[PDB]
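One structure is given here, and the rest of the page talks about it.
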Amino acid sequence: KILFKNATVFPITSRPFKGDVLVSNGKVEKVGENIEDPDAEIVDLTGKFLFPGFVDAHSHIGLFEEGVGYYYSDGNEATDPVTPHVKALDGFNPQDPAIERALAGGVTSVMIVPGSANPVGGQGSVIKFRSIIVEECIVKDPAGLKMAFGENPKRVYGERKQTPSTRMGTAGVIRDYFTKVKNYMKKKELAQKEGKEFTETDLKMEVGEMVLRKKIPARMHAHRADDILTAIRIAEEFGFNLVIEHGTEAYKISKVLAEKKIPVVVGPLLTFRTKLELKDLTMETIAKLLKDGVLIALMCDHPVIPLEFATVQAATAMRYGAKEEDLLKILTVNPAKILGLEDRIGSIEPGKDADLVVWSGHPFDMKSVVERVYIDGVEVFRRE
Amino acid sequence: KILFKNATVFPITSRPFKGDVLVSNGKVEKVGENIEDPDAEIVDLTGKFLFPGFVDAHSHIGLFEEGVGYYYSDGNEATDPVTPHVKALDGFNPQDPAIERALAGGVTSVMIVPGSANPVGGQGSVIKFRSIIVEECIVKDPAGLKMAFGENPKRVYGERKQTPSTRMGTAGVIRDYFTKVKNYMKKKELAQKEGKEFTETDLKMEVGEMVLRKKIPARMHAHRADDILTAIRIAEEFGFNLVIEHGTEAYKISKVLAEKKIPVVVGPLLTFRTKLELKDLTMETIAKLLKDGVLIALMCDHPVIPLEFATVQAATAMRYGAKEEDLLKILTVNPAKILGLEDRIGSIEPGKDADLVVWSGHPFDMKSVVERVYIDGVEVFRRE
Amino acid sequence: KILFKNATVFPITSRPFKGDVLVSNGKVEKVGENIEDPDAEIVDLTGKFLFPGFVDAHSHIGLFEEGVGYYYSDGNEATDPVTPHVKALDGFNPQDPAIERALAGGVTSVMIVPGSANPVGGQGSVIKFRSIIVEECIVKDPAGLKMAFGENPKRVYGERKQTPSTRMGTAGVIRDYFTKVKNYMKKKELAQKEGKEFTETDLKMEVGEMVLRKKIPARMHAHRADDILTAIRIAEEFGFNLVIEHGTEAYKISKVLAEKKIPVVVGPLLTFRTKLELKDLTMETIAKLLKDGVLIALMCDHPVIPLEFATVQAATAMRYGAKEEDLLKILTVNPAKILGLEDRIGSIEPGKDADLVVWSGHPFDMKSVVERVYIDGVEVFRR
């Protein structure tokens, strides 16, 4: 049992205050101005700040090992445009040196996900940085089915002289995949009602079926406004849930996204516009999408921006009209909600996971450093 | 409600005249000599010319983005000779800067369609330039199945060392495809007869069936006269509707086309004869086909010729025996008819869509400019 | 004549103070407590911060156009491991949309340079963002000869099945180039003291000659400690001046660089360690190298980090032991010195160029914005 004393506490779902946080059984037990417990180990946080761990809703950390070279990346199975059966989990390296660096940047939970080479790329999972054993890191698995639109999938397969080489082809590949999923489901239901054992189980079809049954969302990479809309059209044609990844030009169509309640994981933003489809990338997108009532989270898209610099990217958005309150939300409670985990992470409230970061100062002040990180109430990082 | 006053009105379906057009609920409500409405907003067109929007029955605008480079084109899924399932709609960029230029050239509606790389290319859609959301632009979707004959498909697959590399092979690929569609339809009918559920739905086959059921026409690219006749033989063999795209050598066989009432979308004509199959291209084809009573429309085949210059290409045919009246019809009522949209677009008549272009003088006078464009009664363009 | 009044002025070469700056003839005329001038246009900077323009000593802005695609990059002539004759100047697009963004980040002067594909890559130039005509932007041309060691050159030519595919080969290519330069110089002096006019002028050799005569430094890309030492060994062998680019592991050998007075343009630092040779990259490098007395500047290596975010990267190093005073120096006075331009840019002093930026608050505060930018006393940007 741990009693944190006298911090400036930032619960996020409530206003900041000077006070105390009691942790037991891996959870936040009590939050408030004054707390006593004669049997709790007391950690004196006088002059420090206490935040929830930051949550990155889209990351390739562990998949693209740091300090080693591009050749070793495990993040894109770019040998087949339709790889839903592969799992980011099976490529995740919990000893990647990026992970300790991310903890030193205050980040505790991420959605690990394949990249954007494939129209259908594979399964993502939500993990916490709590163990070198990936199975102990699992919060939610599978968490989503990654898909991709725009320049990346058509570049990769165009180079292979293979379908898709155009945006039309990318959409066709995905539509063709789900058409087959539906056939597969009908065959399953036919077997079940004939009381016969299904003998045609198919790993790729099974994952498709999960999406169609809304067990997990599609996680749809799209930058240019028309690619975002195409992703939405396909989701609606097949009746599945979606999240837009990046959504670089989401601001151009923010009214539609707001009305439909499609969430957007924006970012990477503190970065060069390397592609044509990125030409209209802007940090103003945060203020713009918030103003129009779209639910957003902010990603580093690690390795594009190192996860350790999540607070650096967030803070910088203050130069482009974003407010601190909101900036904290898109790193905490918003990504948690987008990942279906708002009852567990992203804020300091009784009953939620004790994922807590002790900062020397406000996290958006570049003088501030991470002193301690706790995940489920277990210290996993200490500065020095 | 909008009242256009004192224009030289060109309804196309009747002779031009000095008068007025009243617009309400997106439609042409009244057209005649003296319209009065004290509630309508009055737009004074003294000294101006009022036309319907031009209609290009075959375009790749929005698929091949302007000012960007060939490599980014979305118009040809050239990785498989049979791609009926892909849609031009899914590669169409409503922010393509060619579109604002097409409006400045008086063009308001087009058929967007895949290119001619593939024996079976994918689906077209009729759209208007009314929004940045492609779903709001849709008039008719799907509108046709694009197919291709002659040098282009055999070159593309010939380079790939893949069937088809000859005209024989090209016809074979298409005939094979439709044989498969009939088989697919036979299986559905056999399933129904047997009281069994059908579980072999196939996206590629479904589009074929729409064609065989005459829900949509084949839009068949053919230049050389023998290629045009092969297209017709296949259409007749399988009992589907067709339109001929380009029909460069249609004039050599115009009596057959007129008898069978095969429409031809001629063009591009204001263009270099880049290929052997284009050696006999001639702007005289307009006068020739119209003389023999073939239904024709004129395309720019954008981007071969920019859509902004549709009136330029048309005006230029006056050097080769085509009359002004007819030239206007092949940009308005004829393409509207060929697209199955003659009761919505192509003319200024009560009940039709209020797609209207204010010109400074006659569109075939190289001094004339577009001052305003309305689509469905909404201003979408105004000269600076 | 322009008189900026009542900003918090940051001269860099002395403490910040509340006061005035007077500009005439493209230059800083006066800096002080209370300045009057009847002919000066008054610009009231109450509540504002006045800084020199930041200077990035190593950039590929304009060479790698933003918003367009890697395919259009003009930054690496990766078809020949020895291209000293090419000029970053000849691939620079003054209309790159990154440039207006760099101004909005308070950066006014950069050295444009080829990348690190080639053991010998081509010539750098110092420019200012003052014009859409590159010739009017030129401050110093040529400013340096770019060379590269470590993984990049051996990867590029290795993939081409061409020398160099190893570190041994990269060093061999450069040594061989300068051996040829020396021969060239001897042939010129043989012609010089005969009757004959020299008939074997060679662009590639001419540039090499400038380096050996110490007219311009070698600008040497190196990350791993041994690569930095190899670069120094070659410079000493042929007697030329050098600057280390990146110098990722410079901190491991800082006493030597200090002793030999080798400057280091550190960075990119706010970035992922994409390579084996970047495994020990650390923002702690700034504090370490300063402690040990190495002259350093900080680069974004744009586009690796956008130049607009130059202050973001610098501010972030305070999280790794670096102090604000030093962080401003490595963005202003130190890069000016490394470029041989400390008489002209990098600080607010009488006689220096009027490259000045009006900030809404301190540049290391993420809420602060660039309101105005002057280059040579002409306003080139307004928020």
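Residue numbers (our numbering), protein chains in the order written: chain A, 1 to 384; chain B, 385 to 768; chain C, 769 to 1151.
Using N, Cα and C, we set each Cβ at its ideal position, and we do this for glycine too.
### Local Cβ density within 10 Å of residue 936 of chain C, reported as buried at 16 or more and exposed below that
exposed
### Task
Answer with yes or no whether the minimum CB distance from residue 168 of chain A to chain B is below 8 Å.
yes
### Task
Would you list the residues sitting across from residue 824 of chain C in a DSSP beta bridge?
C:878
### Task
May I have the straight-line CA-CA distance separating residue 856 of chain C from residue 1072 of chain C, to the nearest angstrom?
17 Å
### Query
Are residue 887 of chain C and residue 916 of chain C close, meaning C-beta to C-beta below 8 Å?
yes
### Query
Secondary structure at residue 978 of chain C, three-state DSSP: helix, strand or coil?
helix
### Message
Let me check one thing: in DSSP terms, what residues is residue 819 of chain C bridge-paired to?
### Response
C:1125
### Query
According to DSSP, is residue 334 of chain A helix, strand or coil?
helix
### Query
Applying a beta-carbon distance threshold of less than 9 Å, which residues of chain B neighbour residue 390 of chain A?
Because residue 390 of chain A is not part of the residues shown, which for chain A are 1 to 384, the question remains open.
### Message
Strictly under 8 Å for the Cβ-Cβ distance: is residue 256 of chain A near chain B by that measure?
### Response
yes
### Message
Any contact between the segment 703-721 of chain B and the segment 512-521 of chain B? By contact I mean 3 or more CB pairs, one from each, below 8 Å.
### Response
no
### Message
Tell me which residues share the same chain as residue 478 of chain B and place their Cβ nearer than 6 Å to its Cβ, disregarding the 5 neighbours each side in the sequence.
### Response
516 and 518
### Query
Which full runs of the beta strand (DSSP E) of 3+ residues lie inside the segment 987-1032 of chain C, going along the chain?
1010-1014
### Query
Under 8 Å between the Cβ atoms of residue 74 of chain A and residue 110 of chain A?
no
### Span of the beta strand (DSSP E) around residue 298 of chain A
296-298
### Near-chain C residues of the segment 354-373 of chain A - C-beta to any C-beta below 8 Å
364, 366, 367, 368 and 369
### Message
Any beta carbon of chain C sitting closer than 8 Å to that of residue 157 of chain A?
### Response
no
#### Entry: Proximity below 8 Å, CB of residue 348 of chain A to CB of residue 35 of chain A
no
### Message
8 Å is my cut-off, CB to CB: does residue 163 of chain A come that close to chain B?
### Response
yes
### Message
What would DSSP say about residue 479 of chain B, mapped onto helix, strand or coil?
### Response
coil
### Message
Does the segment 437-452 of chain B come into contact with the segment 570-577 of chain B, if we say contact requires no fewer than three beta-carbon pairs (one atom in each stretch) closer than 8 Å?
### Response
no
### Task
Step through the CB atoms of chain A and report whether any lies within less than 8 Å of the CB of residue 496 of chain B.
no
### Any chain C beta carbon closer than 8 Å to residue 68 of chain A
yes
### Task
Return the first residue and the last residue of the alpha helix (DSSP H) that residue 924 of chain C is part of.
919-927
### Query
Going along the chain, which residues of the segment 278-311 of chain A sit with their C-beta nearer than 7 Å to a C-beta in chain C?
278, 279, 303, 306 and 309
#### Entry: Inter-stretch contact at 8 Å, needing at least 3 Cβ pairs: the segment 867-884 of chain C / the segment 972-981 of chain C
no
### Task
Using alpha carbons as the reference points, say which of B:632, B:387, B:604 and B:705 lies closest to residue 625 of chain B.
B:604
### Query
Nearest to residue 1022 of chain C by CA position, among C:960, C:1062 and C:1043, is which residue?
C:1062
#### Entry: CA nearest to the CA of residue 18 of chain A, picked from A:273, A:45 and A:37
A:45
### Query
Does residue 176 of chain A get closer than 8 Å to chain B when you measure Cβ to Cβ?
yes
### Message
My parser needs the beta strand (DSSP E) runs of 3 or more residues fully inside the segment 664-704 of chain B; what are they?
### Response
680-682
#### Entry: Residue environment, residue 821 of chain C, which counts as buried when at least 16 other CB atoms sit within 10 Å
buried
### Query
Should residue 1149 of chain C go down as buried or exposed, given a rule of 16 or more other Cβ atoms within 10 Å for buried?
buried
### Message
Strictly below 8 Å CB to CB, what residues from chain A border residue 1042 of chain C?
### Response
69, 70 and 303
### Task
Confirm, please, whether the CB-CB distance from residue 948 of chain C to residue 938 of chain C is below 8 Å.
no
### Task
Give the straight-line distance between the Cα atoms of residue 724 of chain C and residue 1067 of chain C, rounded to the nearest whole angstrom.
Coverage of chain C is limited to positions 769 through 1151, which leaves residue 724 of chain C absent and any answer about it impossible.
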